[PDB]
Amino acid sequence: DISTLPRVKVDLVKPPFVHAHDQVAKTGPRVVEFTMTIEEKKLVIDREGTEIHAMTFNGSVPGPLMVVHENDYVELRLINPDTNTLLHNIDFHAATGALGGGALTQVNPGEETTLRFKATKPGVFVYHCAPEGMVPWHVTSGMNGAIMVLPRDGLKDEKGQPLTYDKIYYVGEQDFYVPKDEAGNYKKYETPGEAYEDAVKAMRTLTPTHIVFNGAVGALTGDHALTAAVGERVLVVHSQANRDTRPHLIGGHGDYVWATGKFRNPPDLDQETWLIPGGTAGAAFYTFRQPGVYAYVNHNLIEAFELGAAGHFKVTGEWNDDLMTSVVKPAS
């Protein structure tokens, strides 16, 4: 009887940050209530000033990470205000039945809907918009995110001992296919609707024009770099709703990786680089051991350094010469 369960309202935060939650569950099953507002907006995605009409959950690319526990109920109020132009919906890969909720969540501009589902399987899972006949266009315009369903006793290593993270970040990787004129310049449109047939032709090439973390080239750099301290345990959740990726932390490793993101399986250990298939979210746990700048990249290095799939960590603390040292500095 769901009416006797506690309800809790969560306010979502912008990626790469994640709303507050408990790793080990301090209550029994709950109905966890979320609200999301669809926003169609103009987004500038690179240094050149290239602009797309992005389709977003809650104003961001990716949409926010939702965090619940196994056997919680998720109740999502989804709002499509009348300032938008398109029909949208939501498919949760975490959910069972009705096209992951897609069949029950079709909202025209001006409409809302509330969907509930039980989170029966632990792991990180993609969610994405998927309207009949326009599925890839919505997804590759930025309309995807992820949900983490933690086991009620938190994460476990390959032996079954607890793993506790001190910080968690969410990296949404987005493949864009900006249409081009005959000469290779990116085209501009006044509405999302105008671009439809050119977007289809751009997608059919299977060649993205940009691949970005958190919605833009350089989004996770400078003042927006991810931060940590030597000795901190960091969980990085990474999703790609449409195309394969191969994350790598330059200067580090994935100590424990769930590459396909499902926590009933034991993690892979000591990974240099791991494959997250398109349509999947994965999770990597790392304990930082050296201070400095680290780059976190898709290790197709063309995709990383030319197309934009690179961000930075800035890590504070003490340098350990036993792990690494320059014996003779560069010289004649």
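All residue numbers are counted from 1 along the displayed sequence. Superpose the two forms; the largest set of C-alphas matching within 1.5 Å is the rigid core.
Just give me the stretch that moves more in 7 other deposited structures of this protein: 177-185 or 212-220, judged by RMS C-alpha distance after a core fit.
Of 177-185 and 212-220, the stretch deviating more in 7 other deposited structures of this protein is 177-185.
Could you tell me which of the two stretches, 167-175 or 95-103, has its Cα atoms lying farther from the shown structure in 7 other deposited structures of this protein after fitting on the rigid core?
Result of the core-fitted comparison in 7 other deposited structures of this protein: 95-103 deviates more.
Got a sec? Mean C-alpha B-factor, which is higher, 260-268 or 46-54?
The stretch with the larger average C-alpha B-factor is 46-54.
So 269-277 or 22-30, which one's hotter by mean CA B-factor in the entry?
It is 22-30 that shows the higher mean C-alpha B-factor.
Given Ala146, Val139, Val200, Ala119, identify the residue with the highest C-alpha B factor in the PDB entry.
Spelled out: the listed residue with the top C-alpha B-factor is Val200.
In terms of CA temperature factor as recorded, identify the highest of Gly133, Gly231, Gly251, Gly100.
Spelled out: the listed residue with the top C-alpha B-factor is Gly133.
Of the three thirds of its chain by CA temperature factor, lowest, middle or highest, which one includes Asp166?
Middle third.
Among the modelled residues of this chain, does the Cα B factor of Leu104 put it in the lowest, middle or highest third?
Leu104: CA B-factor falls in the highest third of its chain.
Would the CA B-factor of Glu75 place it in the lowest, middle or highest third of its chain?
According to the entry, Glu75 has a C-alpha B-factor in the chain's middle third.
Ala225 - Cα temperature factor, lowest/middle/highest third of chain
Highest third of the chain for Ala225's C-alpha B-factor.
By the record's CA B-factor, is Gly317 among the lowest, middle or highest third of residues in the chain?
Within its chain, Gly317 is a highest-third residue by C-alpha B-factor, going by the deposited values.
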